[PDB]
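Trainee: For reference, this is structure27.txt, and it has compact mmCIF, C-alpha atoms and all ligand atoms.
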```
# COMPACT_ATOMS: atom_id res chain seq x y z
CA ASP A 389 63.39 -35.83 214.98
CA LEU A 390 61.25 -33.95 217.52
CA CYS A 391 57.58 -32.97 217.59
CA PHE A 392 56.25 -29.86 219.34
CA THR A 393 52.62 -29.32 220.31
CA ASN A 394 53.19 -25.61 219.65
CA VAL A 395 55.97 -23.19 218.74
CA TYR A 396 56.18 -19.51 219.71
CA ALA A 397 58.50 -17.28 217.67
CA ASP A 398 59.23 -14.11 219.65
CA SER A 399 61.24 -11.55 217.67
CA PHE A 400 63.00 -8.32 218.61
CA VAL A 401 66.13 -6.32 217.75
CA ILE A 402 68.63 -5.93 220.59
CA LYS A 403 72.27 -4.93 221.20
CA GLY A 404 75.35 -7.14 221.27
CA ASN A 405 75.93 -7.82 224.97
CA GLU A 406 72.16 -8.07 225.44
CA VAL A 407 72.28 -11.33 223.47
CA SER A 408 74.42 -12.88 226.21
CA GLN A 409 71.90 -11.25 228.54
CA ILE A 410 69.02 -13.31 227.11
CA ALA A 411 69.21 -16.76 228.72
CA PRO A 412 67.30 -18.74 231.37
CA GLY A 413 68.18 -17.30 234.76
CA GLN A 414 70.03 -14.08 233.94
CA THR A 415 70.14 -10.50 235.22
CA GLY A 416 70.32 -6.93 233.98
CA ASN A 417 68.13 -4.22 232.53
CA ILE A 418 66.82 -6.36 229.64
CA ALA A 419 66.77 -9.65 231.54
CA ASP A 420 64.64 -8.08 234.31
CA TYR A 421 62.65 -5.15 232.85
CA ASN A 422 62.14 -6.08 229.17
CA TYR A 423 62.51 -9.84 228.68
CA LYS A 424 62.81 -12.47 231.40
CA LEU A 425 63.28 -15.99 230.09
CA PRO A 426 61.82 -18.53 232.54
CA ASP A 427 64.23 -20.72 234.47
CA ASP A 428 62.70 -23.94 233.08
CA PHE A 429 62.87 -22.69 229.50
CA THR A 430 62.02 -25.35 226.90
CA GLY A 431 63.23 -23.65 223.74
CA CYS A 432 66.16 -21.69 222.40
CA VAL A 433 67.13 -18.28 221.05
CA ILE A 434 68.66 -17.20 217.72
CA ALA A 435 70.75 -14.11 216.95
CA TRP A 436 72.49 -12.74 213.86
CA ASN A 437 73.89 -9.35 212.83
CA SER A 438 71.55 -6.96 211.00
CA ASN A 439 73.65 -3.85 210.32
CA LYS A 440 72.05 -3.19 206.91
CA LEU A 441 68.31 -3.03 207.66
CA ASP A 442 68.44 -1.32 211.09
CA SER A 443 70.98 1.32 210.07
CA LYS A 444 71.16 4.26 207.69
CA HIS A 445 73.01 7.50 207.12
CA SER A 446 72.06 10.31 209.54
CA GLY A 447 71.15 7.60 212.08
CA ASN A 448 68.02 5.79 213.19
CA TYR A 449 66.14 5.76 216.49
CA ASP A 450 62.98 3.77 215.73
CA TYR A 451 63.69 1.18 218.42
CA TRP A 452 63.07 1.47 222.15
CA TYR A 453 63.83 -0.22 225.45
CA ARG A 454 62.77 0.18 229.08
CA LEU A 455 65.16 0.63 232.00
CA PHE A 456 62.58 1.91 234.52
CA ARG A 457 59.97 -0.55 235.81
CA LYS A 458 58.38 -0.71 239.24
CA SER A 459 59.57 -4.32 239.59
CA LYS A 460 61.08 -7.20 237.66
CA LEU A 461 59.28 -8.68 234.66
CA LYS A 462 57.68 -12.06 235.24
CA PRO A 463 58.68 -14.55 232.52
CA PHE A 464 56.86 -14.27 229.18
CA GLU A 465 54.89 -11.09 229.89
CA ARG A 466 54.66 -7.83 227.96
CA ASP A 467 54.82 -4.49 229.77
CA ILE A 468 54.03 -2.00 227.00
CA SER A 469 53.17 1.19 228.90
CA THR A 470 54.44 4.77 229.10
CA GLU A 471 54.28 5.79 232.77
CA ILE A 472 56.84 8.09 234.37
CA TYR A 473 58.91 6.24 236.96
CA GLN A 474 58.35 7.71 240.41
CA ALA A 475 61.44 8.99 242.21
CA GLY A 476 61.28 10.28 245.76
CA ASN A 477 57.65 10.97 246.67
CA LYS A 478 56.41 13.44 244.04
CA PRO A 479 54.06 12.33 241.23
CA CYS A 480 55.04 15.08 238.73
CA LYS A 481 52.41 13.72 236.36
CA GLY A 482 52.52 14.71 232.69
CA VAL A 483 56.07 16.10 232.58
CA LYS A 484 59.55 14.57 232.77
CA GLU B 340 77.54 8.56 251.94
CA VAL B 341 78.96 5.28 250.61
CA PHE B 342 77.38 5.80 247.17
CA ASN B 343 77.89 9.59 247.05
CA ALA B 344 81.65 9.64 247.60
CA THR B 345 83.82 11.62 245.21
CA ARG B 346 87.04 9.55 245.23
CA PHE B 347 86.18 5.86 245.10
CA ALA B 348 89.71 4.50 245.38
CA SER B 349 91.46 2.18 242.96
CA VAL B 350 91.05 -1.58 243.06
CA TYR B 351 94.63 -2.08 244.27
CA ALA B 352 93.85 -0.09 247.46
CA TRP B 353 90.13 -0.65 247.97
CA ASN B 354 88.32 1.60 250.43
CA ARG B 355 86.65 -0.47 253.16
CA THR B 356 83.78 0.81 255.32
CA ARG B 357 81.55 -0.83 257.92
CA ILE B 358 77.79 -0.53 258.39
CA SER B 359 76.34 -1.15 261.86
CA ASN B 360 73.49 0.13 264.04
CA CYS B 361 71.13 0.61 261.12
CA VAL B 362 67.74 0.29 259.63
CA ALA B 363 68.78 -0.77 256.12
CA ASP B 364 66.24 0.10 253.43
CA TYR B 365 67.60 -0.42 249.93
CA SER B 366 65.05 1.76 248.13
CA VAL B 367 67.45 4.67 248.62
CA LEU B 368 70.07 2.34 247.13
CA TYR B 369 67.91 1.74 244.05
CA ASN B 370 67.36 5.50 243.82
CA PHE B 371 70.92 6.73 243.25
CA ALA B 372 71.82 4.08 240.69
CA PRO B 373 71.16 3.72 236.95
CA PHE B 374 71.98 0.06 237.58
CA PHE B 375 74.12 -1.93 235.16
CA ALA B 376 74.95 -5.02 237.23
CA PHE B 377 72.96 -6.25 240.24
CA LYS B 378 74.06 -9.89 240.16
CA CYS B 379 73.46 -10.96 243.75
CA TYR B 380 74.57 -14.37 244.97
CA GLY B 381 74.14 -14.73 248.73
CA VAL B 382 70.71 -13.09 248.82
CA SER B 383 67.90 -12.35 246.38
CA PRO B 384 67.69 -8.60 245.70
CA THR B 385 63.88 -8.67 245.66
CA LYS B 386 63.81 -10.43 249.04
CA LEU B 387 66.40 -8.23 250.72
CA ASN B 388 64.37 -5.93 253.01
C1 LIG C 501 85.99 5.33 252.38
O1 LIG C 501 85.30 6.47 251.89
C2 LIG C 501 84.22 6.86 252.75
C3 LIG C 501 83.48 7.98 252.04
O2 LIG C 501 84.32 8.65 251.11
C4 LIG C 501 84.76 7.27 254.12
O3 LIG C 501 83.66 7.52 254.98
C5 LIG C 501 83.79 8.84 255.55
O4 LIG C 501 85.16 9.22 255.61
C6 LIG C 501 85.37 10.53 256.14
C7 LIG C 501 86.83 10.87 255.96
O5 LIG C 501 87.14 10.79 254.58
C8 LIG C 501 84.92 10.51 257.61
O6 LIG C 501 85.12 11.79 258.18
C9 LIG C 501 83.43 10.12 257.69
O7 LIG C 501 83.03 10.05 259.06
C10 LIG C 501 83.15 8.81 256.96
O8 LIG C 501 83.72 7.77 257.74
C11 LIG C 501 85.62 6.16 254.71
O9 LIG C 501 86.27 6.63 255.89
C12 LIG C 501 86.66 5.68 253.70
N1 LIG C 501 87.39 4.53 254.23
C13 LIG C 501 88.65 4.25 253.90
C14 LIG C 501 89.24 3.03 254.54
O10 LIG C 501 89.29 4.95 253.12
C1 LIG C 502 75.24 13.70 246.46
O1 LIG C 502 74.53 14.58 247.33
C2 LIG C 502 74.21 15.85 246.75
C3 LIG C 502 73.59 16.69 247.84
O2 LIG C 502 73.26 17.99 247.37
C4 LIG C 502 73.29 15.64 245.55
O3 LIG C 502 73.02 16.90 244.94
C5 LIG C 502 73.95 14.71 244.54
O4 LIG C 502 73.04 14.41 243.49
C6 LIG C 502 74.39 13.41 245.21
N1 LIG C 502 75.12 12.57 244.26
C7 LIG C 502 75.00 11.24 244.21
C8 LIG C 502 75.83 10.55 243.17
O5 LIG C 502 74.28 10.62 244.99
```
Before we go any further, please render this structure as structure tokens.
Ligand SMILES: *[C@@H]1O[C@H](CO)[C@@H](O[C@@H]2O[C@H](CO)[C@@H](O)[C@H](O)[C@@H]2O)[C@H](O)[C@H]1NC(C)=O
Ligand SMILES: *[C@@H]1O[C@H](CO)[C@@H](O)[C@H](O)[C@H]1NC(C)=O

Mentor:
Amino acid sequence: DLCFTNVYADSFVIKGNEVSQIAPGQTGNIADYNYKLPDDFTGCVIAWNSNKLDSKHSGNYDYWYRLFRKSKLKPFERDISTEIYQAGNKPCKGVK
Amino acid sequence: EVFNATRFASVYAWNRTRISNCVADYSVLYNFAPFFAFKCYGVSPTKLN
């Protein structure tokens, strides 16, 4: 019985505990570096097991996630970039 | 020294240290930590320095 001026359907595959991670005002590697839901979130998330399409014999590694960002992620912002995280004071560009 | 100990004791007998006469920069804290849980209550970790 509700009307929305717009609807955004953000989709991604994530681990089990990381579902409890995704919520308005949470913390952790995903809640801070990969997906930060805004505190005044008007919307809601959906999660169900997909062990048949994201799994196969010999394993699968197609998916990715970031644990090294220079700061926290502002809500609803993508940070797709491959830059080596600086540790200490040496750039060590090009090589891990 | 606090984060590079070798024998962090058990929870039943928790090691207790004191920090005084310092300049406390937590960048070195962020360095030696593949963090899993930084839930901070009293202060905001971003606004900590
Ligand atoms: C908790 O563990 C700390 C690091 O392992 C201890 O700090 C050091 O302890 C050594 C002796 O183990 C001291 O020589 C050194 O100066 C420094 O204080 C700390 O003492 C220890 N505390 C307790 C209550 O066990
Ligand atoms: C502890 O200090 C030594 C100093 O050589 C260093 O090699 C080691 O990585 C440090 N370990 C941690 C957990 O900080």

Trainee: Name the residues, by chain letter and number, that sit within 9 Å of ligand LIG 501 (chain C) using all atoms listed in the file, and give them as a JSON list (two decimals) with C-alpha atoms, in the coordinates of the input.

Mentor:
```
[["chain", "number", "residue", "atom", "x", "y", "z"],
["B", 340, "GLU", "CA", 77.54, 8.56, 251.94],
["B", 341, "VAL", "CA", 78.96, 5.28, 250.61],
["B", 342, "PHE", "CA", 77.38, 5.80, 247.17],
["B", 343, "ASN", "CA", 77.89, 9.59, 247.05],
["B", 344, "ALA", "CA", 81.65, 9.64, 247.60],
["B", 345, "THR", "CA", 83.82, 11.62, 245.21],
["B", 346, "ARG", "CA", 87.04, 9.55, 245.23],
["B", 347, "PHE", "CA", 86.18, 5.86, 245.10],
["B", 348, "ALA", "CA", 89.71, 4.50, 245.38],
["B", 352, "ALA", "CA", 93.85, -0.09, 247.46],
["B", 353, "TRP", "CA", 90.13, -0.65, 247.97],
["B", 354, "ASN", "CA", 88.32, 1.60, 250.43],
["B", 355, "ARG", "CA", 86.65, -0.47, 253.16],
["B", 356, "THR", "CA", 83.78, 0.81, 255.32],
["B", 357, "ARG", "CA", 81.55, -0.83, 257.92]]
```

Trainee: Give me, as a list in words, the contact residues of chain B against chain A at a cut-off of 8 Å, counting all atoms listed in the file.

Mentor: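 Per the criterion, chain B yields residues 370, 374, 375, 376, 377 and 378 of chain B.
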
Trainee: To one decimal place in Å, what is the distance between atom CA of residue B:380 and atom CA of residue A:435?

Mentor: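 For atom CA of residue B:380 relative to atom CA of residue A:435, the distance reads 28.3 Å.
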
Trainee: A:477, A:446, A:394, A:470: which is nearest residue A:431, counting all atoms listed in the file?

Mentor: A:394

Trainee: I need the residue nearest residue A:392 from this list: A:430, A:481, A:442, A:447. Use only C-alpha atoms for the distance.

Mentor: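 The answer is A:430, which sits nearest to residue A:392.
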
Trainee: Could you jot down the atom CA of residue B:369 to atom CA of residue A:424 separation for me, Å, one decimal place?

Mentor: 19.7 Å

Trainee: Under the rule that all atoms listed in the file are counted, which of B:387, B:368, B:379, B:363 is the nearest residue to ligand LIG 502 (chain C)?

Mentor: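 Using all atoms listed in the file, ligand LIG 502 (chain C) sits closest to B:368.
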
Trainee: Pick out the closest residue to ligand LIG 502 (chain C) from this set: B:366, B:386, B:371, B:381. Count only C-alpha atoms and all ligand atoms.

Mentor: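 Of B:366, B:386, B:371, B:381, the one nearest ligand LIG 502 (chain C) is B:371, counting only C-alpha atoms and all ligand atoms.
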